[PDB]
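J.: One file: target.tsv (TSV, C-alpha atoms (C1' of nucleotides)).
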chain	number	residue	atom	x	y	z
A	734	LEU	CA	-46.59	-23.05	-10.53
A	735	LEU	CA	-45.69	-19.60	-9.18
A	736	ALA	CA	-49.23	-18.34	-9.85
A	737	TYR	CA	-50.69	-21.31	-7.96
A	738	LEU	CA	-48.29	-20.66	-5.07
A	739	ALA	CA	-49.35	-17.00	-5.03
A	740	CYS	CA	-53.09	-17.77	-5.19
A	741	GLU	CA	-53.48	-20.84	-2.95
A	742	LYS	CA	-50.89	-19.49	-0.49
A	743	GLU	CA	-50.50	-15.89	0.67
A	744	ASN	CA	-46.72	-16.11	0.05
A	745	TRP	CA	-45.36	-14.56	-3.15
A	746	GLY	CA	-42.09	-13.19	-1.77
A	747	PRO	CA	-39.00	-12.38	-3.83
A	748	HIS	CA	-38.24	-15.33	-6.11
A	749	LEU	CA	-35.27	-15.76	-8.44
A	750	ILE	CA	-35.20	-16.84	-12.09
A	751	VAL	CA	-31.61	-17.66	-13.08
A	752	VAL	CA	-31.53	-17.78	-16.88
A	753	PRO	CA	-29.08	-17.47	-19.77
A	754	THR	CA	-28.54	-13.97	-21.12
A	755	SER	CA	-30.34	-14.47	-24.44
A	756	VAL	CA	-33.68	-15.34	-22.81
A	757	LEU	CA	-33.30	-12.51	-20.28
A	758	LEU	CA	-35.94	-10.42	-22.06
A	759	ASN	CA	-38.09	-13.38	-23.10
A	760	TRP	CA	-38.80	-14.43	-19.51
A	761	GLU	CA	-39.91	-10.94	-18.51
A	762	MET	CA	-42.13	-11.01	-21.59
A	763	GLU	CA	-43.20	-14.63	-21.09
A	764	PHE	CA	-45.59	-13.73	-18.27
A	765	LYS	CA	-46.06	-10.20	-19.60
A	766	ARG	CA	-48.22	-11.71	-22.34
A	767	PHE	CA	-49.21	-14.38	-19.80
A	768	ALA	CA	-50.27	-13.78	-16.16
A	769	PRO	CA	-49.31	-10.13	-15.48
A	770	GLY	CA	-50.35	-9.92	-11.81
A	771	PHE	CA	-46.71	-10.23	-10.70
A	772	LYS	CA	-44.09	-7.49	-10.38
A	773	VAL	CA	-41.06	-8.51	-12.45
A	774	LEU	CA	-37.53	-7.12	-12.15
A	775	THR	CA	-34.79	-7.40	-14.79
A	776	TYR	CA	-31.18	-7.15	-13.61
A	777	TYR	CA	-28.61	-6.07	-16.22
A	778	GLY	CA	-27.08	-3.06	-17.91
A	779	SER	CA	-23.98	-1.46	-16.34
A	780	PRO	CA	-23.46	-0.35	-12.70
A	781	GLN	CA	-25.42	2.92	-12.91
A	782	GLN	CA	-28.96	1.83	-13.77
B	1	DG	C1'	17.90	-84.05	2.82
B	2	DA	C1'	13.43	-83.09	-1.03
B	3	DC	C1'	10.01	-80.72	-1.74
B	4	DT	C1'	5.69	-77.33	0.35
B	5	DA	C1'	3.09	-73.32	1.89
B	6	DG	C1'	2.42	-68.34	2.39
B	7	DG	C1'	3.27	-63.11	1.88
B	8	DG	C1'	5.55	-58.60	0.77
B	9	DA	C1'	8.25	-56.96	-3.12
B	10	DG	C1'	8.81	-56.98	-8.38
B	11	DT	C1'	6.17	-56.34	-12.44
B	12	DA	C1'	2.16	-54.60	-14.24
B	13	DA	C1'	-2.72	-52.98	-15.25
B	14	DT	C1'	-6.64	-49.37	-13.47
B	15	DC	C1'	-8.02	-45.48	-12.18
B	16	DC	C1'	-8.28	-41.04	-12.43
B	17	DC	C1'	-7.25	-36.71	-11.17
B	18	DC	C1'	-4.48	-32.86	-13.20
B	19	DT	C1'	-3.60	-29.95	-16.40
B	20	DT	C1'	-1.27	-27.97	-21.74
B	21	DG	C1'	-3.44	-25.53	-25.62
B	22	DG	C1'	-7.39	-23.05	-28.26
B	23	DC	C1'	-12.08	-20.57	-28.54
B	24	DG	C1'	-16.59	-18.16	-27.28
B	25	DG	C1'	-19.40	-15.03	-24.02
B	26	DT	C1'	-19.78	-10.98	-21.33
B	27	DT	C1'	-18.78	-7.22	-18.17
B	28	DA	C1'	-15.54	-3.17	-17.08
B	29	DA	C1'	-12.10	-0.18	-18.04
B	30	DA	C1'	-9.94	2.28	-21.44
B	31	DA	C1'	-10.30	5.19	-25.89
B	32	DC	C1'	-12.22	8.87	-28.56
B	33	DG	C1'	-14.85	13.10	-29.65
B	34	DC	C1'	-17.75	17.74	-29.02
B	35	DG	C1'	-19.75	22.53	-26.63
B	36	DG	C1'	-18.40	25.48	-24.21
B	37	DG	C1'	-16.36	27.82	-20.95
B	38	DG	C1'	-12.84	29.28	-17.41
B	39	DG	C1'	-7.71	29.57	-16.99
B	40	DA	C1'	-3.41	31.66	-19.34
B	41	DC	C1'	-1.50	35.32	-20.68
B	42	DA	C1'	-0.51	39.86	-23.41
B	43	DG	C1'	-0.55	45.42	-22.93
B	44	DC	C1'	-0.02	48.60	-19.86
B	45	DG	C1'	0.54	52.05	-15.79
B	46	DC	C1'	2.60	53.12	-11.77
B	47	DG	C1'	4.69	54.00	-7.44
B	48	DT	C1'	7.55	53.17	-4.27
B	49	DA	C1'	11.18	50.48	-2.94
B	50	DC	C1'	15.04	49.51	-3.66
B	51	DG	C1'	19.85	50.62	-7.21
B	52	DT	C1'	23.25	53.84	-6.78
B	53	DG	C1'	26.77	58.22	-5.69
B	54	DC	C1'	28.97	60.43	-1.57
B	55	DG	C1'	29.78	62.18	3.53
B	56	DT	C1'	31.09	60.32	8.46
B	57	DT	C1'	32.31	57.34	11.59
B	58	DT	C1'	33.01	51.98	14.59
B	59	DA	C1'	35.39	47.88	13.91
B	60	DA	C1'	38.30	43.30	11.99
B	61	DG	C1'	42.75	42.89	10.78
B	62	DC	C1'	46.74	44.37	12.06
B	63	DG	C1'	51.21	43.93	15.22
B	64	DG	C1'	52.63	42.23	19.30
B	65	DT	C1'	52.58	40.29	24.25
B	66	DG	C1'	52.39	37.55	28.80
B	67	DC	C1'	51.26	33.88	30.45
B	68	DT	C1'	47.36	29.53	31.84
B	69	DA	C1'	44.30	25.63	32.00
B	70	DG	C1'	43.03	21.98	29.12
B	71	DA	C1'	44.92	18.12	25.75
B	72	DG	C1'	48.45	13.91	24.36
B	73	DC	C1'	51.27	10.29	25.93
B	74	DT	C1'	53.89	7.44	29.74
B	75	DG	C1'	53.08	3.25	33.20
B	76	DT	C1'	49.82	0.09	35.65
B	77	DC	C1'	46.30	-2.97	37.35
B	78	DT	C1'	42.11	-5.17	37.61
B	79	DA	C1'	37.20	-5.63	36.62
B	80	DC	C1'	35.41	-7.77	33.09
B	81	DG	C1'	34.25	-10.26	28.39
B	82	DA	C1'	34.86	-13.98	24.97
B	83	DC	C1'	36.30	-18.85	25.21
B	84	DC	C1'	33.09	-25.05	26.41
B	85	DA	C1'	27.48	-27.33	27.06
B	86	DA	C1'	23.00	-28.94	30.55
B	87	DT	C1'	19.35	-26.91	30.57
B	88	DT	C1'	14.56	-26.07	30.10
B	89	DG	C1'	11.47	-23.03	29.27
B	90	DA	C1'	10.21	-18.85	25.89
B	91	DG	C1'	8.39	-19.50	21.65
B	92	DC	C1'	7.58	-20.90	17.38
B	93	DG	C1'	5.31	-24.72	13.61
B	94	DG	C1'	0.49	-26.38	12.50
B	95	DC	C1'	-4.76	-26.29	13.19
B	96	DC	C1'	-10.03	-24.36	14.58
B	97	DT	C1'	-12.90	-21.46	15.50
B	98	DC	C1'	-16.66	-17.47	15.71
B	99	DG	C1'	-16.04	-12.27	15.52
B	100	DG	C1'	-14.80	-7.85	13.22
B	101	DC	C1'	-14.29	-6.66	8.75
B	102	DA	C1'	-16.54	-6.25	3.83
B	103	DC	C1'	-19.76	-4.00	1.92
B	104	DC	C1'	-24.50	-2.45	0.45
B	105	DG	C1'	-29.27	-0.57	1.58
B	106	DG	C1'	-33.15	3.39	3.78
B	107	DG	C1'	-32.83	7.49	5.46
B	108	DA	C1'	-31.53	11.79	7.37
B	109	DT	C1'	-28.35	15.26	6.18
B	110	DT	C1'	-25.96	18.02	3.55
B	111	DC	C1'	-23.54	20.39	-0.80
B	112	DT	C1'	-24.42	22.63	-5.07
B	113	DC	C1'	-27.16	25.29	-9.68
B	114	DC	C1'	-30.50	28.20	-11.71
B	115	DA	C1'	-33.61	31.57	-13.33
B	116	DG	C1'	-35.76	34.52	-12.37
B	117	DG	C1'	-37.48	38.57	-9.53
B	118	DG	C1'	-36.15	41.60	-5.41
Please, can you express the file's structure as C-alpha cells?

T.:
Amino acid sequence: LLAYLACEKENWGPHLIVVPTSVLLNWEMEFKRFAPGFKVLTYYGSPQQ
DNA sequence: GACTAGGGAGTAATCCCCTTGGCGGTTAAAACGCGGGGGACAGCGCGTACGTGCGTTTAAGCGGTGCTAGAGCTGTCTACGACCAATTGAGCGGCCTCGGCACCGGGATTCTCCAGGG
C-alpha cells in the first residue's frame, strides 16, 4: 500500500508504524528484504543515540 | 356511606461504573568497577616579623568639689476609642477561554584537547 502511494502519487512523506517492541526489528527488516526504495528509521535505545 | 381510580413513596431489581489485589513489560536512574592522573601532603629552609627584656614618659584612677539642667511623680481635663447594626459595594466563589509557557530542532557561535613542529 505504501509503495503504491509512493509510486502513483508523488507523496511519500514521513509515515508512522506503531508496533509492539518485539517486532520492532522485524518491520525494518520486512521491507529490507522486500521493497528497499524507502528510507526507514528505527526509534529506540536510550536518550543518547 | 361503599367502594374506585391514580401517582409518588416503599420495596426491589438493573445497570454499571469504580476500584482492591496481583503480575508482566520496559525505560531511567542508581550501582559498581578500572586507568590513570591530579590533589594532598611530607621534608625542609629561611627570613623577617613579631616574642620578649628594659628605659622614659602621658594618662585613668585616684581624692575631692561646686553646683545645674534633665528626669519622676502630683493633679487635671478633654479629645478620642471601644461599645450596637443598615448598608452596599469591594471582593471573593465558580467557569471559559486563547496566549505565554514547555520544550525541542537547525544553525551560528563558542569552549576545549592534542600532537606535533616552531

J.: Using all atoms listed in the file, find the residues of chain B whose closest atom to chain A is at most 12 Å away, then write them as a PyMOL selection string.

T.: chain B and resi 25-28

J.: Given the selection you just returned, output its residues as a file containing C-alpha atoms (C1' of nucleotides), formatted as a PDB file, keeping the file's coordinate frame.

T.:
ATOM      1  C1'  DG B  25     -19.400 -15.030 -24.020  1.00  0.00           C
ATOM      2  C1'  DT B  26     -19.780 -10.980 -21.330  1.00  0.00           C
ATOM      3  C1'  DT B  27     -18.780  -7.220 -18.170  1.00  0.00           C
ATOM      4  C1'  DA B  28     -15.540  -3.170 -17.080  1.00  0.00           C
TER       5       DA B  28
END

J.: When you draw a straight line from CA of residue 760 (chain A) to CA of residue 738 (chain A), how long is it in Å?

T.: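 A separation of 18.4 Å between them.
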
J.: I'd like to know which of A:749, A:735, A:775, A:741 is closest to residue 761 (chain A), using all atoms listed in the file.

T.: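 Under the stated criterion, the closest residue is A:775.
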
J.: Would you place a box with edges along x, y and z of the file around all atoms of region 747-756 of chain A listed there, add 5 Å to each of its six sides, and report the centre and edge lengths in Å to one decimal, as lines of an AutoDock Vina configuration file?

T.:
center_x = -33.8
center_y = -15.1
center_z = -14.1
size_x = 20.5
size_y = 15.4
size_z = 30.6

J.: When you draw a straight line from CA of residue 750 (chain A) to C1' of residue 24 (chain B), how long is it in Å?

T.: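 Interatomic distance, CA of residue 750 (chain A) to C1' of residue 24 (chain B): 24.1 Å.
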
J.: Distance CA of residue 777 (chain A)-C1' of residue 30 (chain B), one decimal place?

T.: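 If I compute the distance from CA of residue 777 (chain A) to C1' of residue 30 (chain B), I get 21.1 Å.
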